[PDB]
Each structure stands twice: as structure tokens, then as C-alpha cells.
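For any residue, its number in PDB author numbering is found by taking its place in the sequence shown, counting from 1, and adding 3. Yeah, the Cβ is synthetic: ideal placement off N, Cα and C, and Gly gets one too.
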Amino acid sequence: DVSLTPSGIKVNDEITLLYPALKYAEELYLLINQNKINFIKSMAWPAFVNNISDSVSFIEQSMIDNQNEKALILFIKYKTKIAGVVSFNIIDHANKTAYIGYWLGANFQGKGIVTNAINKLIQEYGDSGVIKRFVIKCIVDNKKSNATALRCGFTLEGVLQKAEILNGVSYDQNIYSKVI
Ligand SMILES: CC(C)(COP(=O)(O)OP(=O)(O)OC[C@H]1O[C@@H](n2cnc3c(N)ncnc32)[C@H](O)[C@@H]1OP(=O)(O)O)[C@@H](O)C(=O)NCCC(=O)NCCS
Ligand SMILES: Nc1ncnc2c1ncn2[C@@H]1O[C@H](COS(=O)(=O)NC(=O)[C@@H](N)CCC(=O)O)[C@@H](O)[C@H]1O
Numbered sequence: 004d005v006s007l008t009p010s011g012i013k014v015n016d017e018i019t020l021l022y023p024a025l026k027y028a029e030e031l032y033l034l035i036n037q038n039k040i041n042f043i044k045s046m047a048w049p050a051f052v053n054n055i056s057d058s059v060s061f062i063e064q065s066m067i068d069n070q071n072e073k074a075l076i077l078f079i080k081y082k083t084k085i086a087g088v089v090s091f092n093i094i095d096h097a098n099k100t101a102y103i104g105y106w107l108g109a110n111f112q113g114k115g116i117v118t119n120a121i122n123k124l125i126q127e128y129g130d131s132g133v134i135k136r137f138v139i140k141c142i143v144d145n146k147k148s149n150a151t152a153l154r155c156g157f158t159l160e161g162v163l164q165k166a167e168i169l170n171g172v173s174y175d176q177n178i179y180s181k182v183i
């Protein structure tokens with residue numbers, strides 16, 4: 004499979020899902036910084052990304068988790084730029100289940116980048132039999148994520164009551180799945 008390269012997973016002619024590396028720290032930090040105000044609306048961690056060293060720490064931990072298959076953290080490269088992150092936040096090996104996370108900078112939204120990335124990951128891990136069940140969990144009112152999940156052929160399984168906390172407030176999540 005020539006799409007599985009040493010540096011990452013080639014989705015199409017424009018998108019590569021890069022294995023994390025320290026060289027990416029600067030660009031990743033700057034991207035997060037540019038999007039901090041909007042990102043804080045849907046994710047908890049951006050509020051605390053205050054310097055490049057925070058992105059270095061994230062990369063270091065991500066490489067450890069990737070090595071040990073605890074997670075699969077990938078940096079989305081669109082053309083020449085890092086566009087965001089797509090991940091298996093958690094890999095449950097015993098139950099062959101992967102929990103998916105993602106984000107894109109504002110300048111990279113509306114381009115199908117995450118839909119294309121997810122479809123590629125599900126082909127690679129799902130059609131190979133490594134993962135049986137893929138899961139997306141996001142806050143109910145996350146309109147754009149819901150659209151992405153449905154676009155990728157996920158099914159809504161239910162609402163997880165008061166399951167995600169942002170800034171001290173618990174919010175309901177939709178749980179979507181795609182089963183091979
Ligand atoms: C969730 C998020 C990644 C969605 O980004 P997105 O760009 O809408 O994601 P997709 O890859 O599914 O792209 C779909 C959009 O691209 C457009 N489109 C353009 N080219 C396309 C292509 N090749 N394939 C599919 N759609 C394409 C679609 O029309 C759609 O645009 P629309 O929203 O104007 O209808 C983004 O809103 C985000 O980063 N949010 C903050 C982080 C977050 O909430 N994460 C999830 C928390 S659990
Ligand atoms: N410090 C950091 N720098 C750069 N990216 C970071 C980051 N911390 C998390 N990410 C990436 O953000 C994406 C979304 O992950 S996330 O915010 O934790 N939320 C979720 O994945 C949702 N499933 C909500 C959590 C839940 O299920 O309860 C995931 O792609 C995740 O890898």
C-alpha cells in the first residue's frame with residue numbers, strides 16, 4: 004500500500020496525515036493560537052495553550068502514545084500547511100474500538116478535509132480488520148461535527164447526558180458509530 008509512507012498516510016493528492024514530529028511544534032502552536040477564541044467554544048484544552056512549549060509537550064506525549072498504540076495522533080497536512088489534527092483519541096484493543104477526534108483551523112474548514120481523513124482512516128484500520136467499531140463523541144450542539152459524522156456514514160446511537168465539561172459546565176454529547 005503506497006499510501007502508507009514513512010512520514011504519514013496519504014489521503015489524496017492534497018492531504019497527508021503526518022506522524023507527529025517536534026519540527027511541527029512551531030506551526031502547530033501558531034495555528035492553535037490563531038484559532039484559540041473559536042476553539043475554546045468546542046474544546047477544553049485550547050484555553051491552556053499559551054506558548055510553543057505547550058505544543059512541544061503535546062507532541063512528545065502524542066509520540067509516546069502512538070508508539071504504544073494507546074492512541075493514533077496525526078497532524079493534517081493540506082497542501083504545504085498543517086491544517087489541524089485527526090486522531091484515534093483512544094484505541095480499545097480488547098474491543099477493537101477507536102474513538103475519533105479532530106479539529107481544523109478556520110482557514111481549512113469547508114474543504115472536506117476531515118471527512119476525507121476519516122474515510123481514509125476507516126479504510127486503513129477498518130477494512131483491514133484492526134478496528135471493528137469507530138466512535139465519534141461531541142457535544143450535541145456541535146453542528147459542524149454532527150454533519151461530518153453523518154457525511155462519513157456514522158449512525159447516531161444516542162445522547163450521553165451531561166458527559167462533557169467545558170469551563171465547569173457539563174454538556175450532553177451525541178454518540179455516533181460506524182461498525183465494520
Ligand atoms: C468539526 C470540524 C472539523 C468540521 O470541519 P469541516 O471543514 O466542516 O469538515 P469536513 O471535512 O466534513 O468538510 C465539510 C465541508 O466541506 C465542504 N466540501 C468542500 N469540499 C469537500 C470535499 N472534498 N468533501 C466533502 N465536503 C467538501 C462541505 O460542503 C462542507 O461545507 P459546509 O459546512 O459549508 O457545508 C470543524 O468545524 C472544527 O474543527 N471544529 C472545531 C473543533 C471541533 O469541534 N471538534 C470536534 C469536537 S468532538
Ligand atoms: N494540546 C493539543 N494540541 C493539539 N491538539 C489537541 C490537543 N489536545 C487534544 N487535541 C486534539 O483535539 C482533537 C479533539 O479532541 S478533544 O478536544 O479532546 N475532544 C474530543 O476528542 C471529543 N471526542 C470530546 C471528548 C469526549 O469524548 O468526551 C483531537 O484530535 C485531539 O488529538
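With a CB to CB cut of under 7 Å and the five nearest residues on each side skipped, what residues in its chain are close to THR151?
By one-based count along the sequence shown, residue 151 stands at place 148. Sequence-distant Cβ neighbours of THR151 in its own chain, meaning closer than 7 Å and more than five residues away, are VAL117, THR118.
Please tell me whether, using a cut-off of 7 Å, the distance from the CB of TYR128 to the nearest non-hydrogen atom of ligand 2 is below it.
Here residue 128 refers to the residue found at position 125 when the sequence shown is read from its first residue. No.
Does ligand 1 have a heavy atom nearer than 7 Å to the CB of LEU77?
As a working note, residue 77 is residue 74 in the sequence shown. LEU77: no, Cβ never under 7 Å from ligand 1.
Per DSSP, which residues does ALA101 bridge with? Please list them.
As a first step, residue 101 is located in the sequence shown; it is residue number 98 there, counting from the start. According to DSSP, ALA101 bridges with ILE94, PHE137.
According to DSSP, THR8 sits in a beta bridge with which residue or residues?
By one-based count along the sequence shown, residue 8 stands at place 5. Looking at the DSSP assignment, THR8 forms a beta bridge with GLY11.
CB of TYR105 to nearest heavy atom of ligand 1: below 7 Å?
The residue labelled residue 105 in the question sits at position 102 within the sequence shown. Yes; taking the cut-off as 7 Å, the Cβ of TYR105 has a heavy atom of ligand 1 nearer than that.
In whole angstroms, what separates the C-alpha of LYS135 from that of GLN70?
In the sequence shown, the residue the question calls residue 135 occupies position 132. In the sequence shown, the residue the question calls residue 70 occupies position 67. Roughly 21 Å separates the two Cα atoms.
For the beta strand (DSSP E) containing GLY161, list its first residue and its last residue.
Start at 1 with the first residue of the sequence shown, and residue 161 comes out as number 158. Counting along the chain, the beta strand (DSSP E) containing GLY161 begins and ends at 158-169.
Helix, strand or coil at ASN71 according to DSSP, with G and I counted as helix:
For this step, residue 71 is matched to residue 68 along the sequence shown. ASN71: coil per DSSP, three-state reduction.
CB of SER45 within 8 Å of CB of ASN145, strictly:
The residue given as residue 45 occupies position 42 in the sequence shown. The residue given as residue 145 occupies position 142 in the sequence shown. It is a contact, given that the beta carbons lie within the stated cut-off.
For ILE40, is the beta carbon positioned less than 7 Å from some heavy atom of ligand 3?
In the structure on display, ligand 3 does not appear, and the ligands it does have are ligand 1 and ligand 2.
Would you mind reading off the limits of the beta strand (DSSP E) that contains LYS114?
Taking the first residue of the sequence shown as 1, we reach residue 114 at position 111. Premise fails: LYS114 is in no beta strand (DSSP E) and is neither H nor E.
Option in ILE40, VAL14, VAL89, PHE61 with minimal Cα separation from residue 185:
No statement about residue 185 is possible, as the shown extent of the chain runs from 4 to 183 and does not include it.
Residue range of the beta strand (DSSP E) that residue 2 falls in?
Beyond the ends of the chain as shown, which are 4 and 183, falls residue 2; an answer cannot be given.
Less than 6 Å between C-beta atoms, sequence neighbours within five positions excluded: which residues of the same chain meet that for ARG154?
By one-based count along the sequence shown, residue 154 stands at place 151. The answer, listed in chain order, is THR118.
Using 8 Å as the threshold, is the C-beta distance between residue 3 and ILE18 below it?
What the structure shows of the chain is the stretch from 4 to 183, and residue 3 is not part of that stretch, so it cannot be assessed.
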